[PDB]
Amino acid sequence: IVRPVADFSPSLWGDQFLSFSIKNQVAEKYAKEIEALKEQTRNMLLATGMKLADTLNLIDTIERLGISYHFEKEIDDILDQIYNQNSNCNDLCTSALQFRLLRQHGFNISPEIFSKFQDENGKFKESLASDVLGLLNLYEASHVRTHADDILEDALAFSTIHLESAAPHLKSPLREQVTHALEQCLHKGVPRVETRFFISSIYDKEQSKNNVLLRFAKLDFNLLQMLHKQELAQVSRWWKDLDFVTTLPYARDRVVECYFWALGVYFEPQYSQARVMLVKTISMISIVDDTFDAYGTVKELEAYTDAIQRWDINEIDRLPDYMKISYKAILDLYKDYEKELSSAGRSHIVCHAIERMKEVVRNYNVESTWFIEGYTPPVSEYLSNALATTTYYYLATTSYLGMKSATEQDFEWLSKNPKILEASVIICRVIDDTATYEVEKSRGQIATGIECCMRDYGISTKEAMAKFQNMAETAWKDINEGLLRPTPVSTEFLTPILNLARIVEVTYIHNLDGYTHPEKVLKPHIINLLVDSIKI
């Protein structure tokens, strides 16, 4: 039994994360200052009689600075008051920001707030083309559209063309802020990634910056980063004591990138156990994926799939030796979770993630059977199988395991494949197929996603990759709609699903598999979030 040659890049990190010792001296210093700075900032938020535009800029600034999670209450109370007052008497900049902030927090503010900036056509008044700050906020706001916001259909295109035209002559740091927005809007970016950029490249270089907020943000980011580094060290050690690097060499060695993925789902300290649990799962399912996708014979993947279904160590003897390595590690991982959760009595909930992994595995095997047989399913049939293979139903479910507040009713909701969950699953699928179309139209895979879309609709690779990006746009509208109150579960359990969609957009920016090829895209992110501190 001779197998496809290993062709993956090795982890570019070595063991540079393997051992991080926190400096308690530094950490307690940072924390002590932050407490003072926090209250200073709380009082800024609670100041009486501010103008609407000042309030929205304050909240915007704090959120971009990455310190808003300290003021969920305060910030919500303020937006709720703003929402319930209906202020239709502002300019484009304030209006667009008001719109974006309220929408991001689930307040279904009407898009009619924009009617005053449009002609009798729904086309934005061209006279606004010289109002860069207005354009900039209209641009950002244009990305939180739901299906009901067709009024904003022109906003992205209008804002874009005029931001592009103005950028070269703007002063700094506004120029850099615009250029970066044009490349990566705020709403669909990874929060820590955007925050690092905002703090260092923009806010720190503003003539007008608030020094208390700047300092607060720098200290908080560097403090959490110490936590993240501990987390990664612990996970790196865990991955090293697994040694899949040598025993399962056919697979991608990307546990750092997996941690990046878990960090994107949530960064707050309260989600530390959840990150550690999540990243282990991400890492492990990545191995399973590579075993189906680049090593195991169909006969071998059958025994593997059945053994996953039966879920019981008595099945290892039925498996090839290298498959016993991954299989016992999988079963072990879940007994780990059961125990890690044992003290808070939340052990039972593990079977939700287990069942979702079984489901992923089932569809890995189908996918495999299609490739062997050379089957090109109709797009409907292809999606009904290829949605789960994103692993995203599964990761979403996993992400709840470590959240102390996650009740059974939450998992119950997530199991019914709610529309918000399905939308980010769709985004993952259509982006993965677009990026890795020419990756694996070379590796002999006649069963690619795009290849179904072409044979089915009688359309070219052009129209195929479009009609896919099409579904991505629809899905973002559904995500945005899914955040609106009344929410089906508490917002805390929606943000991970939204964050999962964000990470896919960011990793595959410019249409490249940034996970398999972390070099160009992911490595700079990883350096700025987990290697370099923000110099103070």
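The first residue of the sequence shown is number 1, and the count goes up from there. By rigid core we mean the largest C-alpha set that fits within 1.5 Å across both forms.
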| query | finding |
| --- | --- |
| Stretch departing more from the displayed form, 322 to 330 or 81 to 89, Cα RMS in 7 other deposited structures of this protein (core fit) | 81 to 89 |
| Greater Cα displacement in 7 other deposited structures of this protein once the core is superposed, comparing 438 to 446 with 94 to 102 | 438 to 446 |
| Residue stretch of maximal mean CA temperature factor, 494 to 502 vs 50 to 58 | 50 to 58 |
| Selected stretch [higher average CA B-factor]: 385 to 393 or 435 to 443 | 435 to 443 |
| Residue, from 173, 449, 111, 418, that the PDB entry assigns the highest Cα B-factor | 449 |
| Out of 242, 425, 181, 166, residue topping the C-alpha B-factor column of the entry | 242 |
| Modelled-residue ranking by C-alpha temperature factor, third containing residue 28 | highest |
| B-factor third for the C-alpha atom of residue 38 within its chain | middle |
| Record-listed C-alpha B factor of residue 316: chain third | highest |
| Among modelled residues of the same chain, the CA temperature factor third for residue 125 | middle |
| Residue 305 - Cα temperature factor, lowest/middle/highest third of chain | highest |
